[PDB]
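Visitor: Okay, here's the structure, questions in a sec.
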Amino acid sequence: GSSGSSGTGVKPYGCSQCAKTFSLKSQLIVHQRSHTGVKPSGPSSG
Ligand SMILES: [Zn+2]
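The sequence shown begins at 1 in the deposited numbering and counts up by one.
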């Protein structure tokens, strides 16, 4: 089996793009700078 839904608790600093949260703002402020910029392979003649 797998444990879960055991007691509520939602950190104040959480990311929307993903389901990853953090306790320290510094961690988020920096993390947020991950869902932007570098893009995955796309155009061949680009
Ligand atoms: Zn994120």
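Just so it is clear, CB atoms sit at the ideal spot from N, CA and C, and this is done for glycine as well.
Ligand 1 and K25: does the residue's C-beta get closer than 7 Å to at least one heavy atom of that ligand?
Guide: No, since every heavy atom of ligand 1 falls outside the 7 Å radius drawn around the Cβ of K25.
Visitor: May I ask you to check if the CB of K39 is nearer than 7 Å to at least one heavy atom of ligand 1?
Guide: No, the beta carbon of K39 sits no closer than 7 Å to any heavy atom of ligand 1.
Visitor: Within a Cβ cutoff of 8 Å, which residues of the same chain sit near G14, ignoring the five residues on either side of it in sequence?
Guide: If we look at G14 and ignore the five residues flanking it on each side, its Cβ neighbours are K20, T21, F22, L28.
Visitor: Could you check if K11 belongs to the surroundings of ligand 1, using beta carbon to heavy atom distance under 7 Å?
Guide: Answer for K11: no, Cβ out of range of ligand 1.
Visitor: Roughly how many angstroms separate the alpha carbons of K39 and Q17, rounded to a whole number?
Guide: Their backbone Cα atoms lie some 15 Å apart in a straight line.
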